[PDB]
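**Student:** Can you read through this structure? Questions will come right after.
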Amino acid sequence: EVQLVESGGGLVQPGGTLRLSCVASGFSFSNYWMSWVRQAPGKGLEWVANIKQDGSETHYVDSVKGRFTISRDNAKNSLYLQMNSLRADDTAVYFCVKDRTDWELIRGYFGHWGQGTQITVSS
Amino acid sequence: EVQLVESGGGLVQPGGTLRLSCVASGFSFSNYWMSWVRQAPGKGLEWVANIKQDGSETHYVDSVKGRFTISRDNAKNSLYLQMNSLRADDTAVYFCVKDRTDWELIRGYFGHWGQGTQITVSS
Amino acid sequence: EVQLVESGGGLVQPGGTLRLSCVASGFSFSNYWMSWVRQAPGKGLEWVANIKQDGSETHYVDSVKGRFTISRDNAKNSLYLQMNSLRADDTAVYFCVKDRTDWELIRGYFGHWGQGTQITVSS
Amino acid sequence: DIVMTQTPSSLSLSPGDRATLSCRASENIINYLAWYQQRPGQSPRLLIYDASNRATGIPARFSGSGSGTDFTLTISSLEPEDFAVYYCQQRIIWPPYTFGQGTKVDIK
Amino acid sequence: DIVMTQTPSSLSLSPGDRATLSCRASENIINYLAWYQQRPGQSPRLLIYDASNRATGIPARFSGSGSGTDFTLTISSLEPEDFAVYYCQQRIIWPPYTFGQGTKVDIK
Amino acid sequence: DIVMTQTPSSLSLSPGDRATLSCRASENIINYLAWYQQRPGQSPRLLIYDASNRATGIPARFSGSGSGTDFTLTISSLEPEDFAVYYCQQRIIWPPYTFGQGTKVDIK
Amino acid sequence: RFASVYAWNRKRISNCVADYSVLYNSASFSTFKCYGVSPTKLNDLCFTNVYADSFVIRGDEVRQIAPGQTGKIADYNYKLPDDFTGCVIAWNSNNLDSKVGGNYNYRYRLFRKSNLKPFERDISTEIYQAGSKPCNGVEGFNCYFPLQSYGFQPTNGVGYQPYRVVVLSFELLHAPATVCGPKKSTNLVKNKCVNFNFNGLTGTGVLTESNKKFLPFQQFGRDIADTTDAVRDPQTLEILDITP
Ligand SMILES: *[C@@H]1O[C@H](CO)[C@@H](O[C@@H]2O[C@H](CO)[C@@H](O)[C@H](O)[C@H]2NC(C)=O)[C@H](O)[C@H]1NC(C)=O
Ligand SMILES: *[C@@H]1O[C@H](CO)[C@@H](O)[C@H](O)[C@H]1NC(C)=O
């Protein structure tokens, strides 16, 4: 089976800095367009970013840009997302998402999600 | 001519209980999909419920369900609508509506309305 | 070259009365559907009125009607717009606009604008 | 779910001239639209059901047209009782049955 | 940019009957829509990707289709785990990838 | 009545490269759209009228494309005077004539 | 990386085993339209020569890749003959051939004096002369650069998104046996009225050992009044007469 464990979420002040890590075991890291999807408490889903099977076109959501940064590491089978200057509205549950397919034409589908971590921003 | 007399509306407290009755004479009761349509004071029309020429698919408006109940009686040529736990926003003018046609395919048109009764919910 | 000089704008009280004049030299007055376009300070453009190469269908913007009146004079090569009961929100920069073409089918394009005059309404 | 919209909100007219009212849907309905006339101080009345088809007892001054998304009601000559509110209503996608918003035609 | 809309908000049903869910786009996408099932207290799961095509490990009770603006998911018989929230998502016009709003199917 | 929308709000660019601007209508207009260039501290100027057709006195760096709902203006190489605000305007459905919102192209 | 439409690529297929049933049922192609043949009979034919033309166009210009069409792609970018034999395969490629800010590597020609011939290719970059005035290597009024560029952005409506197109073209000229669907060369028989297929040659008759020295380069035997009367077996390379 495919497993997507993740960690890093917690409680910070408005203006803080977090960094979420995400480890993948089941499939074969790389080649897959990993992503990140948030969900506000009591609302529908959203979208944050996704990169490549490499580092190219980090592709943010244009209500976030300049504050988030998504990166990865193929040797460690890891995916990271860093958030600075948290705007007291990025309190949600964040999910690591795989991409359901191997080649670039049929990419874009959020196949095989992981269980999410929670982030609250308050004082 | 078709006549649609109705009664039951009045003044109740938020959390009260009302029951509107509606008698039909002109056409031939049954076979007709009777309905109920509200209109807020100073706003456009809306929709509440409609049943059958029998009792089936009571069909509420999904901002009302669990609080209203529409029923009928063919022997008495009568149509009833009961409201419980009035939410201080169901203050309107309610109209009995016939359904313009005899067979199920062309149903849905609000032919031959009646004159409405008023319901205010306050304290 | 085409020149579109204009004058009349200034400072008046809410409830005042202004009259803007606009003189055209370069092209040949008449035949052209002259117009008037405002722009709020720090916002996008808008539209006010336009008449004819004569006097017909003065064509206001339906948030203004009954307060403005646009007219012209072909012998003097002049275009006038008069404003009464200024609503303390008609503070903008007003532009005389030509209409880019000679015949009625391709009219509607704001070809060869002029430089605008400023109108502030305050107390 | 369908946001029916009446694109003019009020028409100032004179008794005799013609009148046109437009209703625009937010989704493709086809031919299933009706027009009601809320008179001042009276119950509403079905003018036309099914787009261009008139109801029984309605005079020939009222006509209907349009399909897909744009629909239009046309009154040939305004009698003094015709100054009222007009509602458009679809019946193909339920629940709920959505109405328009109203177009108060008045005298000027 | 595309406003995806799920036209019923909640369906009260009984365990065993069918279930129809409709998703409507604000622009012509073609065949590129997926349906996810947010279970109560679990991670979401891709039911169908690419309109009518099922994913691996999904039982045959779920079906879909469409190809334009209107799309529909159909559940043949509600098992007691199927009472959940359902989201529709397009992938042809990005950024951003827009989701639906949710259709909580519950027991009654 | 028609809500014209310019989908990027600001583009940071360098003098010399390409620039693309998109205008999206809320209704089907066809070929009837114009692009104006509000310079800093000057009167606006008609770049292209009728979609892809250039006006007299406009250099060949500006081009236009699109139809129906999506429209696009393209600047081949940014001269230092081209950093300005750009407006799209339709003329087929009046009154009123609706403008866009502005796309301030600046230097970075 | 595909090529632009104004200078399109042309790959020629050689002796092979081609399987078109895995292409016809891939469920990833947005348009699969064969013109000179029914699709289901694709696996059994031996096309003397196969060409494949690959390029990238817009979404609403895929209906101009057809025999006898009008439009700027159809007039002078790529012209299909009216007696076409191959197929047209077209699929969306927004994930590959588009990027944010515009992918300007796909140019197309919008100014030419005359229409193109079928299978003609115009890579010329002369300055177009719209008006009567010559300009001699400079732009201006009615002097245009003939190549514009597609503005490919992923936030585009469907119909302004990059579609990759592959046009297969088959021909049956005079070859002896080329590419062909996968088949099982079942054992040959002799001296019995049989129904035979020799890498394309379909016929009926009795097969018999020959004694006619088929010059090392002669695929088959031609008889006056033009009826096939000898063949060469591809595997063992021996001449056999075909009596009726
Ligand atoms: C096609 O392949 C067959 C074998 O699959 C070849 O048959 C061989 O022919 C030579 C004669 O030169 C014999 O010595 C071998 O024993 C044969 N092999 C078998 C397995 O029977 C045949 O020659 C090949 N075709 C050509 C044109 O060479
Ligand atoms: C050969 O040259 C001609 C010049 O008239 C040109 O049109 C043609 O395209 C060339 N051949 C190929 C295969 O491009």
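By convention in this document, the chains of the structure tokens carry letters A, B, ... by their order, each chain's residues are numbered from 1, and ligands are numbered from 1 in the order they are shown.
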Return as a ChimeraX atom specification the full set of residues in range 3-114 of chain C whose backbone-based DSSP assignment is strand (DSSP E).
**Tutor:** /C:4-7,11-12,17-24,35-39,49-50,68-73,78-84,92-97
**Student:** After a least-squares superposition on chain F over all sequentially paired C-alpha atoms, what is chain E as a CSV table (one decimal) with C-alpha atoms, in the first residue's frame?
**Tutor:**
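What follows is the written file selection.csv:
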```
chain,number,residue,atom,x,y,z
E,1,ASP,CA,-24.8,44.7,-17.1
E,2,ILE,CA,-21.9,42.8,-18.6
E,3,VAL,CA,-19.2,42.3,-15.9
E,4,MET,CA,-15.9,42.6,-17.9
E,5,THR,CA,-13.0,41.1,-15.9
E,6,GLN,CA,-9.2,41.3,-16.4
E,7,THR,CA,-7.9,38.1,-14.8
E,8,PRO,CA,-4.4,39.2,-13.9
E,9,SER,CA,-4.3,42.4,-11.8
E,10,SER,CA,-0.6,43.3,-12.1
E,11,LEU,CA,2.4,41.9,-14.1
E,12,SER,CA,5.9,42.4,-12.9
E,13,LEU,CA,8.2,42.3,-16.0
E,14,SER,CA,11.5,43.5,-17.5
E,15,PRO,CA,11.9,45.8,-20.4
E,16,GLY,CA,12.2,43.8,-23.6
E,17,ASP,CA,10.1,40.6,-23.0
E,18,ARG,CA,6.6,40.0,-24.1
E,19,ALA,CA,3.4,40.8,-22.2
E,20,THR,CA,0.1,38.9,-22.2
E,21,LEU,CA,-3.2,40.4,-20.8
E,22,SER,CA,-6.5,38.6,-20.7
E,23,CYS,CA,-10.0,40.0,-20.5
E,24,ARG,CA,-13.0,37.8,-19.8
E,25,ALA,CA,-16.6,38.8,-20.4
E,26,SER,CA,-19.7,37.6,-18.5
E,27,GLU,CA,-21.8,37.1,-21.6
E,28,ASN,CA,-21.1,36.1,-25.2
E,29,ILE,CA,-19.9,39.2,-27.1
E,30,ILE,CA,-18.4,38.5,-30.5
E,31,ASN,CA,-15.3,40.4,-31.9
E,32,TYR,CA,-16.5,43.7,-30.3
E,33,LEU,CA,-13.8,44.6,-27.9
E,34,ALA,CA,-11.2,47.4,-27.7
E,35,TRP,CA,-8.0,47.9,-25.7
E,36,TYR,CA,-6.9,51.3,-24.3
E,37,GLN,CA,-3.6,52.3,-22.7
E,38,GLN,CA,-3.9,54.7,-19.8
E,39,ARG,CA,-0.3,56.1,-19.6
E,40,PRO,CA,1.0,57.6,-16.4
E,41,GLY,CA,-0.1,61.2,-16.4
E,42,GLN,CA,-1.6,61.2,-19.9
E,43,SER,CA,-4.9,60.8,-21.7
E,44,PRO,CA,-5.9,57.2,-22.7
E,45,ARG,CA,-5.2,56.0,-26.2
E,46,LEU,CA,-7.0,53.4,-28.4
E,47,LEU,CA,-4.6,50.6,-29.1
E,48,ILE,CA,-6.8,48.1,-31.0
E,49,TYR,CA,-10.4,48.4,-31.9
E,50,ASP,CA,-12.5,45.4,-33.1
E,51,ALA,CA,-10.4,42.7,-31.5
E,52,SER,CA,-7.3,42.0,-33.6
E,53,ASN,CA,-7.3,45.2,-35.8
E,54,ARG,CA,-4.9,48.0,-35.0
E,55,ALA,CA,-5.6,51.7,-35.0
E,56,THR,CA,-3.8,54.3,-37.1
E,57,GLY,CA,-0.5,55.4,-35.6
E,58,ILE,CA,-0.1,52.3,-33.4
E,59,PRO,CA,3.2,50.4,-33.8
E,60,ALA,CA,3.3,46.7,-34.7
E,61,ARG,CA,4.3,45.5,-31.2
E,62,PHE,CA,0.7,45.3,-30.1
E,63,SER,CA,-1.5,42.4,-31.2
E,64,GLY,CA,-4.9,41.0,-30.3
E,65,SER,CA,-7.7,38.6,-31.1
E,66,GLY,CA,-10.5,36.6,-29.7
E,67,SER,CA,-14.2,36.0,-30.5
E,68,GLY,CA,-16.4,34.9,-27.6
E,69,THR,CA,-15.6,35.2,-23.9
E,70,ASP,CA,-11.8,35.1,-23.7
E,71,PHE,CA,-9.7,37.9,-25.2
E,72,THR,CA,-6.0,38.6,-25.1
E,73,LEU,CA,-3.7,41.5,-25.8
E,74,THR,CA,0.0,40.7,-26.5
E,75,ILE,CA,2.9,43.1,-26.4
E,76,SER,CA,6.0,41.7,-28.1
E,77,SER,CA,8.8,43.8,-26.5
E,78,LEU,CA,8.2,46.3,-23.7
E,79,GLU,CA,9.5,49.7,-24.6
E,80,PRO,CA,9.9,51.9,-21.5
E,81,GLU,CA,6.7,53.8,-22.3
E,82,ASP,CA,4.6,50.7,-22.3
E,83,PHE,CA,4.5,50.4,-18.5
E,84,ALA,CA,0.9,51.7,-18.1
E,85,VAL,CA,-2.6,50.6,-17.3
E,86,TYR,CA,-4.7,48.7,-19.9
E,87,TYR,CA,-8.5,48.6,-20.2
E,88,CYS,CA,-10.8,46.4,-22.2
E,89,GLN,CA,-14.2,47.7,-23.4
E,90,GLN,CA,-17.1,46.2,-25.2
E,91,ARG,CA,-19.5,48.1,-27.5
E,92,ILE,CA,-22.2,45.6,-28.5
E,93,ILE,CA,-24.5,45.8,-25.5
E,94,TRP,CA,-25.4,49.4,-24.4
E,95,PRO,CA,-26.4,51.3,-22.2
E,96,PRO,CA,-24.0,51.4,-20.5
E,97,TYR,CA,-20.7,50.8,-22.1
E,98,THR,CA,-18.7,48.7,-19.6
E,99,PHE,CA,-14.9,48.9,-19.1
E,100,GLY,CA,-12.6,46.4,-17.6
E,101,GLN,CA,-10.7,47.1,-14.3
E,102,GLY,CA,-7.0,47.7,-15.2
E,103,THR,CA,-3.8,45.7,-15.4
E,104,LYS,CA,-0.9,47.8,-14.2
E,105,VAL,CA,2.3,46.5,-15.9
E,106,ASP,CA,5.3,47.6,-14.0
E,107,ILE,CA,9.1,47.2,-14.1
E,108,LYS,CA,10.9,44.5,-12.0
```
**Student:** With a distance cut-off of 10 Å and only C-alpha atoms, select the neighbouring residues of residue 21 in chain B, excluding the residue or stretch itself and same-chain residues fewer than 6 positions from it, and output the selection as a compact mmCIF listing (two decimals) with N, CA, C and O atoms, in the first residue's frame.
**Tutor:**
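As written to disk, selection-v4.txt reads:
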```txt
# COMPACT_ATOMS: atom_id res chain seq x y z
N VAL B 5 -60.28 29.32 -1.05
CA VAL B 5 -60.35 30.09 0.19
C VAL B 5 -59.37 29.48 1.17
O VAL B 5 -59.10 28.28 1.11
N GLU B 6 -58.79 30.29 2.05
CA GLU B 6 -57.84 29.74 3.01
C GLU B 6 -57.87 30.56 4.28
O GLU B 6 -58.31 31.71 4.29
N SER B 7 -57.39 29.95 5.36
CA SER B 7 -57.45 30.57 6.68
C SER B 7 -56.41 29.93 7.58
O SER B 7 -55.82 28.90 7.25
N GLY B 8 -56.18 30.57 8.72
CA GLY B 8 -55.31 30.04 9.76
C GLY B 8 -54.19 30.96 10.18
O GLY B 8 -53.63 30.77 11.27
N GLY B 9 -53.83 31.95 9.37
CA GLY B 9 -52.68 32.77 9.68
C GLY B 9 -52.97 33.79 10.76
O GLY B 9 -54.11 34.21 10.98
N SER B 71 -50.08 18.40 4.19
CA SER B 71 -50.95 17.25 4.01
C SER B 71 -52.25 17.71 3.36
O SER B 71 -52.46 18.90 3.12
N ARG B 72 -53.13 16.76 3.08
CA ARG B 72 -54.37 17.09 2.39
C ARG B 72 -55.47 16.14 2.82
O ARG B 72 -55.23 15.19 3.57
N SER B 78 -59.72 19.68 1.12
CA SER B 78 -58.96 20.56 1.99
C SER B 78 -57.47 20.27 1.87
O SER B 78 -57.07 19.15 1.54
N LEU B 79 -56.67 21.29 2.14
CA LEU B 79 -55.22 21.21 2.12
C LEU B 79 -54.68 21.93 3.35
O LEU B 79 -55.11 23.04 3.67
N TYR B 80 -53.74 21.30 4.05
CA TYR B 80 -53.25 21.81 5.32
C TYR B 80 -51.74 21.93 5.27
O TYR B 80 -51.07 21.11 4.64
N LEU B 81 -51.22 22.93 5.96
CA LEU B 81 -49.77 23.07 6.15
C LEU B 81 -49.52 23.46 7.60
O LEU B 81 -50.12 24.41 8.09
N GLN B 82 -48.65 22.73 8.27
CA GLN B 82 -48.38 22.95 9.69
C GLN B 82 -46.94 23.38 9.88
O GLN B 82 -46.03 22.77 9.29
N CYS B 96 -52.19 29.57 -1.35
CA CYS B 96 -52.54 28.28 -1.93
C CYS B 96 -52.44 28.37 -3.44
O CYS B 96 -52.93 29.32 -4.04
```
**Student:** Can you pull out the residues contacting range 24-41 of chain B? Cut-off 8 Å, using only C-alpha atoms, and skip same-chain residues under 2 positions away; I want them as a PyMOL selection string.
**Tutor:** chain B and resi 1-5+22+43-54+74+77-79+91-99+101-103+107
**Student:** Atoms to include: C-alpha atoms. Write the selected residues as an mmCIF file, in the first residue's frame.
**Tutor:**
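Heads up, here's the output in selection.cif:
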```
data_model
loop_
_atom_site.group_PDB
_atom_site.id
_atom_site.type_symbol
_atom_site.label_atom_id
_atom_site.label_comp_id
_atom_site.auth_asym_id
_atom_site.auth_seq_id
_atom_site.Cartn_x
_atom_site.Cartn_y
_atom_site.Cartn_z
ATOM 1 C CA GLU B 1 -64.991 29.741 -11.628
ATOM 2 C CA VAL B 2 -62.309 28.239 -9.403
ATOM 3 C CA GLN B 3 -62.214 29.439 -5.794
ATOM 4 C CA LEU B 4 -59.454 28.782 -3.252
ATOM 5 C CA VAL B 5 -60.354 30.091 0.191
ATOM 6 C CA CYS B 22 -57.313 25.744 2.545
ATOM 7 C CA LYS B 43 -39.587 41.071 -1.556
ATOM 8 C CA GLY B 44 -40.137 38.591 -4.362
ATOM 9 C CA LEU B 45 -41.910 35.268 -4.305
ATOM 10 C CA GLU B 46 -40.549 31.955 -3.012
ATOM 11 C CA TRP B 47 -41.683 28.339 -2.658
ATOM 12 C CA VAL B 48 -42.577 26.126 0.302
ATOM 13 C CA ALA B 49 -43.978 22.686 -0.602
ATOM 14 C CA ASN B 50 -46.320 20.588 -2.780
ATOM 15 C CA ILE B 51 -47.469 17.013 -2.430
ATOM 16 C CA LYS B 52 -49.499 14.922 -4.928
ATOM 17 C CA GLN B 53 -53.127 14.140 -5.719
ATOM 18 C CA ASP B 54 -52.408 11.683 -2.833
ATOM 19 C CA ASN B 74 -59.783 14.639 -0.527
ATOM 20 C CA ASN B 77 -61.575 19.131 -0.318
ATOM 21 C CA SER B 78 -58.956 20.559 1.992
ATOM 22 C CA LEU B 79 -55.223 21.211 2.121
ATOM 23 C CA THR B 91 -43.189 36.197 8.356
ATOM 24 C CA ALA B 92 -44.805 36.462 4.956
ATOM 25 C CA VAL B 93 -47.967 36.122 2.914
ATOM 26 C CA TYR B 94 -48.802 32.500 2.105
ATOM 27 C CA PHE B 95 -50.758 31.491 -1.001
ATOM 28 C CA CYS B 96 -52.538 28.277 -1.929
ATOM 29 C CA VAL B 97 -51.596 27.374 -5.488
ATOM 30 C CA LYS B 98 -53.283 24.982 -7.930
ATOM 31 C CA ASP B 99 -51.226 23.366 -10.690
ATOM 32 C CA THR B 101 -53.036 20.906 -15.504
ATOM 33 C CA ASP B 102 -54.360 17.417 -15.003
ATOM 34 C CA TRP B 103 -51.524 15.028 -15.894
ATOM 35 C CA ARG B 107 -47.134 19.814 -13.967
#
```
**Student:** Rounded to one decimal in Å, what is the spacing between CA of residue 45 in chain G and CA of residue 175 in chain G?
**Tutor:**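 Result for CA of residue 45 in chain G versus CA of residue 175 in chain G: 13.0 Å, one decimal.
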**Student:** CA of residue 66 in chain G to CA of residue 16 in chain G: how many Å, to one decimal?
**Tutor:** 27.3 Å
**Student:** If you measure from CA of residue 181 in chain G to CA of residue 36 in chain G, what distance in Å do you get, rounded to one decimal?
**Tutor:**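 Value for the CA of residue 181 in chain G-CA of residue 36 in chain G distance: 16.7 Å.
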**Student:** Which residues are close to range 101-112 of chain G, i.e. within 6 Å by only C-alpha atoms, leaving aside same-chain residues fewer than 6 positions away? Reply as a list in words.
**Tutor:** residues 4, 6, 146, 147, 148, 149, 150, 151, 152 and 153 of chain G
**Student:** List all protein, DNA and RNA residues that have an atom no more than 12 Å from any atom of ligand 2, counting only C-alpha atoms and all ligand atoms, and report them as a list in words.
**Tutor:** residues 6, 7, 8, 9, 10, 78, 116, 117, 118, 119, 120, 121, 122, 123 and 124 of chain G
**Student:** Using only C-alpha atoms and all ligand atoms, find each residue of chain G with at least one atom at most 10 Å away from an atom of ligand 1; report its shortest atom-to-atom pair and that distance in Å (one decimal), sort the rows by chain and rising residue number, and return the result as JSON lines.
**Tutor:**
```
{"residue": "G:233", "atom": "CA", "partner": "ligand 1", "partner_atom_place_in_ligand_line": "27 (C)", "distance": 8.8}
{"residue": "G:234", "atom": "CA", "partner": "ligand 1", "partner_atom_place_in_ligand_line": "27 (C)", "distance": 6.5}
{"residue": "G:235", "atom": "CA", "partner": "ligand 1", "partner_atom_place_in_ligand_line": "25 (N)", "distance": 4.2}
{"residue": "G:236", "atom": "CA", "partner": "ligand 1", "partner_atom_place_in_ligand_line": "27 (C)", "distance": 5.2}
{"residue": "G:237", "atom": "CA", "partner": "ligand 1", "partner_atom_place_in_ligand_line": "27 (C)", "distance": 6.1}
{"residue": "G:238", "atom": "CA", "partner": "ligand 1", "partner_atom_place_in_ligand_line": "27 (C)", "distance": 9.7}
```
**Student:** As JSON, numbers by chain, please: the residues near residue 130 in chain G (cut-off 8 Å, only C-alpha atoms, same-chain neighbours under 6 positions excluded).
**Tutor:** {"G": [142, 143, 144]}
**Student:** Any chance you could tabulate, as a Markdown table, the residues of chain B at most 8 Å from chain D with each one's nearest atom pair and distance in Å to one decimal, using only C-alpha atoms, in chain and rising number order?
**Tutor:**
```
| residue | atom | partner | partner_atom | distance |
| --- | --- | --- | --- | --- |
| B:43 | CA | D:101 | CA | 8.0 |
| B:44 | CA | D:101 | CA | 5.6 |
| B:45 | CA | D:99 | CA | 6.4 |
| B:46 | CA | D:99 | CA | 6.6 |
| B:47 | CA | D:97 | CA | 6.5 |
| B:59 | CA | D:95 | CA | 7.3 |
| B:60 | CA | D:95 | CA | 7.6 |
| B:61 | CA | D:96 | CA | 5.7 |
| B:108 | CA | D:91 | CA | 5.6 |
| B:109 | CA | D:91 | CA | 6.9 |
| B:110 | CA | D:46 | CA | 7.0 |
| B:111 | CA | D:46 | CA | 5.8 |
| B:112 | CA | D:45 | CA | 6.6 |
| B:113 | CA | D:44 | CA | 6.5 |
| B:114 | CA | D:43 | CA | 6.4 |
| B:115 | CA | D:43 | CA | 5.2 |
| B:116 | CA | D:43 | CA | 7.3 |
```
**Student:** Env of residue 90 in chain C: 12 Å cut, atoms = only C-alpha atoms, seq-sep filter 5 positions within chain, self excluded. Answer as an NGL selection string.
**Tutor:** :C and (9-18 or 37-41 or 46-48 or 63-64 or 67-68 or 83-85 or 118-122)
